[PDB]
Amino acid sequence: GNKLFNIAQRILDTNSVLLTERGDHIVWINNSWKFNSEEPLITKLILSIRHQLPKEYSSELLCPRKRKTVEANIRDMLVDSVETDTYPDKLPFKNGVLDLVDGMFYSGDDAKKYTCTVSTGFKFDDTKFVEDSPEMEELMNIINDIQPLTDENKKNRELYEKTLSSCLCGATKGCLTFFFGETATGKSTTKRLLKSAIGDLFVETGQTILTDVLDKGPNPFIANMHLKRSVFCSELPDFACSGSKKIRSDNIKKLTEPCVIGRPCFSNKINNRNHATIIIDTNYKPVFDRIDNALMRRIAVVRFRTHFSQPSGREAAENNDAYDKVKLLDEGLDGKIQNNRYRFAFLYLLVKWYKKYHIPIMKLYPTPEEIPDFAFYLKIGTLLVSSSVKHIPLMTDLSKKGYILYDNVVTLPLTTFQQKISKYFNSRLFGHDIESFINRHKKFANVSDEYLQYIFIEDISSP
Amino acid sequence: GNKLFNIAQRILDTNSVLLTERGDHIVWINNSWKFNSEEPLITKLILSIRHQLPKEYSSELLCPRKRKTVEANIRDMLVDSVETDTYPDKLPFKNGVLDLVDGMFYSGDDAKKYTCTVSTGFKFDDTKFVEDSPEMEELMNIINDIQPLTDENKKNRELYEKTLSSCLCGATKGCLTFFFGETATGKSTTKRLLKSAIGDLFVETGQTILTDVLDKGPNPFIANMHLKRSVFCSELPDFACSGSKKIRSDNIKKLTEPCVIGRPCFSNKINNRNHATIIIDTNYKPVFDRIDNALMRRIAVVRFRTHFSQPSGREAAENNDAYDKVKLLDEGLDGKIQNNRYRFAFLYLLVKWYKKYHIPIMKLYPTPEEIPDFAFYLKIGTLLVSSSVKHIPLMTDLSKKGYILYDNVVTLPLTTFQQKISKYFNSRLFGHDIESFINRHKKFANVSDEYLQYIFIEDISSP
Amino acid sequence: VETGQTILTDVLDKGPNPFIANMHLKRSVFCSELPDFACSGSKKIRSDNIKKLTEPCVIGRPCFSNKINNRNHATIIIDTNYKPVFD
DNA sequence: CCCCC
Ligand SMILES: Nc1ncnc2c1ncn2[C@@H]1O[C@H](COP(=O)(O)OP(=O)(O)OP(=O)(O)O)[C@@H](O)[C@H]1O
Ligand SMILES: Nc1ncnc2c1ncn2[C@@H]1O[C@H](COP(=O)(O)OP(=O)(O)OP(=O)(O)O)[C@@H](O)[C@H]1O
Ligand SMILES: [Mg+2]
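Residue numbers (the deposited numbering), protein chains in the order written: chain A, 323 to 785; chain B, 323 to 785; chain C, 525 to 611.
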């Protein structure tokens, strides 16, 4: 009995509705997996696949009440969760899945085995996914204008290519990249090109994810990054002028983890999967509230140094020290990019870069030598080291150099340490930094009298 | 079988219901696309469209329960999403779409192709959309009073026309405009005229979008500009009297982007499409917290200099240097404008100006010479040149002026550079600006020594 | 489970305390990158909070919840690099 | 329930 129960069982036997570990209901319609808590996806699937059931079952599914009964039966039948979005080298489209390691495009049940629950939102066109075209030469000219193929720009260009290509691989990336440069240098053009290329896998959020508390309450600004392969933030302010909050290192470290806590309004799903490449456009370098060794492992910088100016302001730009090259501005390029002219050309370029930079494992490495905020830590980290045991047979040398021994621990006088620091970094130049380092790296032998359990590398080098 | 399903399929075959990429269901009623998130209009469409169905189908749609069944069927039928508001040269009305490029007015299925989800809110009158009328003469008299057709006011008048006409096109603009003048000069009259002309494509917000962070929590002030073609802000709080917040350059840069990040109350949507010309009525010049070249790329100024006064204060007005002309105030003009007397005359004028200023691509250009804040930067840009390869083969002569060579680069001492700068600008004028420039462009070979790699134009010119 | 330095350098109860609530049937709690006390101008870990953690039911509630009586079967492991200072 | 507070 229960024709409706039989219909629900038949639909469940097709493996077209699945329950995820988070609590979602993903359905397979029109050659793609979709989930949406606001749309009647299960009844949509029932109506869509009414054609694959017997003729006596097809006519029963034209009634919304009966479709809702079938949906209730299916919901009670789904008891086990599944693992979704586990292939980091598959790019999902609206009509199939592209193999990023092989170049094969799968449609239908071939693409169904990879439970890719997101998509670009548009259809793959193999007649445009071609190497040579009128659009490809123009796109290559644009890219070579933005990032010149010169010898002094080799490393920066390769880093730019790697960062752009990493927006295809759906895994957790462990760095935050900063597109730094002066005005009119191509950063927004690059952003728009990437958005056109990867479609719905691209999202843009606010600086609140960098300068606010992520726990909070309902946070759609974080909940909108679930499974996105690229996240953009833009327009960092100048932190030198007091009045702007600094970037939270806690947020920076929390954004590189495989899961991020944040939930929408009227929703109970708090944890989102992190597959994102986070890129920040800025005219100014970042300043963080607190600097430590971990934070320095998650920051990378790509610099833009080509100006596109109108003919009136070309001469003033040619004498600027923030530009290496000046080019003529193009006034139709924005519209051409907006109309998705270079979508498949840039997609092909990104796939080629993915192949080139995906030597067995692809990983993003930090560039801490570019951020001025990290210079004080980087310099002093190679000059002073903790107490020494194998250098214990040098206590006479330490005493002659000014150090003292206390429980076989090297201690330096505060005044002597200040005088030594003044040589490498002037007091007038970095008094706040030197005083903070003295107060932070030193232990308190008393309320007033204290000592630093850190000796200079050069002092120990002296025999 | 299933008359209701047949009705639903027939209605779906007319493409009168669409599902948008933001999750809305837009319906085609009364020659326009409409949607309401809090109260869907699909049943309204069913009732309205019942007249185009067979006679045996029209009678079933008089029952709300049957209409709801048909709506459920349609909702299950709608699977794919569509893109809306993609034509910038179409002006939507409540009964059709006006082709700005061509001049033809489309109604019916001709206006259906352009999925414009916004409208002016009033119907287009072809009889009032005429060049020869009693209203047009008065309107041109008013406009020539506000912005005279002299030779001194020619560029200002052209900028005025361009900014006013740019409120008809649905595309992202690159500049923010300031309507600057003294009191009783026609700025609010211009705002009211434009509001009367374009109806619901016009919005007015607060200064929070200029002086406050946009992401934060729910911000209806920034979320209400979605797809608006004109945004007005008024009455900047003069910043000389300390106690008023300054304008955020980060906000200025963010308001120019094609997408603005901000959400309403009880909404998960965090992106808004920027189609708006943003204008601010001011008695005072803007003051920004940080001034850089990226800010000086997005500011334009139109100045109003005609005074409309009561007969009593005419002489005290004529002895004022802020006015180039004094006329007689009209007391019925406010009511005449509020009664939509010049709506179609001003609309015709705006379309004519659109055609005039839409040489193939129309673009808003900055006017950085009208802001006194930018003067120091503009002068410094001309009074200095960055040392280059050509500067190297000049050291033997540059030593006469005190210039030195270090690291194969021509540089000058900090004290000498400070004295040279003081020789051009006094301390009391821009001491803070000079100090900020020195801090932001200083090259410190040692921690105690600082220098600038810039040369004065006079020394380079002299041989 | 792993939590930041909020549980140590802030109020354990406060308002919403997800960090405190995450120890609910969590046999191990980890803390990383502790704020060494040599710097002047930082908050302090509370001996009262230590005693509260030693109590057989530590104060802690989830968001929009009143079931603050969450049983404690947790041993906290705190990882740092500098000697702590207790007032 | 969010927002508000
Ligand atoms: N290769 C190119 N050749 C010619 N014109 C270009 C090229 N790339 C970009 N342009 C144009 O020159 C200008 C460059 O500004 P763009 O918005 O790309 O960068 P930006 O000012 O650094 O960005 P942001 O919005 O982050 O400040 C734009 O008007 C763009 O259309
Ligand atoms: N061409 C004109 N001829 C006669 N009267 C005019 C004309 N244009 C405007 N007026 C009237 O003169 C007055 C000027 O006020 P208006 O609102 O235009 O000034 P405003 O520049 O916005 O002033 P404020 O800066 O104080 O807001 C109004 O009463 C307006 O109706
Ligand atoms: Mg006014």
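The beta-carbon is built from N, C-alpha and C at its ideal position, and this holds for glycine as well.
Not flagged as an interface residue toward chain A: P586(C), since no C-beta distance is shorter than 8 Å. In the displayed model, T628(B) falls within a strand according to three-state DSSP. At a cut-off of 4 residues, the continuous stretches assigned as alpha helix (DSSP H) that sit fully inside the stretch 565-596 of chain A are 571-576.
Per DSSP, the beta bridge partners of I601(B) are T499(B), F554(B). The beta carbon of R372(B) sits closer than 7 Å to those of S380, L383, all from its chain and outside the five residues before and after it, given in chain order. Counting only residues whose CB is nearer than 5 Å to a non-hydrogen atom of ligand 2, the list in chain order is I464(B), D467(B), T505(B), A506(B), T507(B), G508(B), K509(B), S510(B), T511(B), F630(B), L651(B), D652(B), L655(B), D656(B).
The continuous alpha helix (DSSP H) containing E459(A) extends over residues 456-468. Of all residues in the stretch 351-383 of chain B, none is placed with a Cβ closer than 8 Å to any Cβ belonging to chain A. For the pair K434(A) and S510(A), the Cα-to-Cα distance works out to about 36 Å. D603(A) has its CB nearer than 7 Å to a heavy atom of ligand 1. Listed along chain A are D572, each with a C-beta nearer than 7 Å to that of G528(C). Distances from the CB of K649(A) to the heavy atoms of ligand 1 include at least one below 7 Å. Uninterrupted beta strand (DSSP E) stretches at least 3 residues long and entirely within the stretch 640-682 of chain A occur at 647-650, given in chain order. The Cβ atoms of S556(A) and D603(A) lie closer than 8 Å to each other. Interface annotation, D603(B): not in contact with chain A, CB-CB separation never under 8 Å. In terms of beta-carbon proximity, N590(B) lines the interface with chain A, with at least one pair separated by less than 8 Å.
Within the stretch 751-772 of chain A, contact with chain C at the beta-carbon level (separation under 8 Å) is assigned to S758, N761, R762, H763, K764, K765, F766. Comparing alpha-carbon positions, the option among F543(A), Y409(A), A644(A), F668(A) lying closest to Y776(B) turns out to be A644(A). Beyond the five residues adjoining it in sequence on each side, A767(A) comes within less than 6 Å, by CB distance, of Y773 in the same chain, given in chain order. Contacts with chain B at 8 Å (Cβ-Cβ) include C563(A). Of all residues in the stretch 476-505 of chain A, only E504, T505 place a beta-carbon less than 9 Å from a beta-carbon of chain B. For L400(B), the CB contacts under 7 Å within the same chain, skipping 5 residues up- and downstream, are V339, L341 in chain order.
Taking all protein chains shown into account, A598(B) has 16 or more neighbouring C-beta atoms within 10 Å of its C-beta and is therefore buried. Set against 7 Å, the gap from the CB of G503(A) to the closest heavy atom of ligand 1 is smaller. Between the C-alpha atoms of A562(B) and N641(A) there is a straight-line separation of about 34 Å. Restricting attention to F747(A), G724(A), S749(A), the CA atom closest to the CA of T738(A) is found in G724(A). Linking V769(B) to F747(A) through their CA atoms gives a straight-line distance of about 6 Å. Shown here, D781(B) sits in a helix according to DSSP, grouped into three states. As the crow flies, the alpha-carbon of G418(B) is around 28 Å from that of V392(B). Of all alpha-carbon atoms in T494(A), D719(A), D611(A), the one lying nearest the alpha-carbon of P580(A) is that of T494(A). Less than 8 Å separates the beta-carbon of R585(A) from that of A545(A). Those residues of the stretch 537-551 of chain A placed with their C-beta closer than 7 Å to a C-beta in chain B are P542, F543, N546, ordered along the chain. Runs of the alpha helix (DSSP H) lying entirely within the stretch 470-529 of chain A and spanning at least 4 residues, in chain order: 476-487, 509-520.
For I693(B), DSSP records no beta bridge to any residue.
The shortest C-alpha to C-alpha distance from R551(B) to any of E653(B), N573(B), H680(B), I601(B) is the one to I601(B).
Contact check for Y679(A) and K484(A): beta-carbon distance about 5 Å, within the 8 Å limit, so the pair qualifies.
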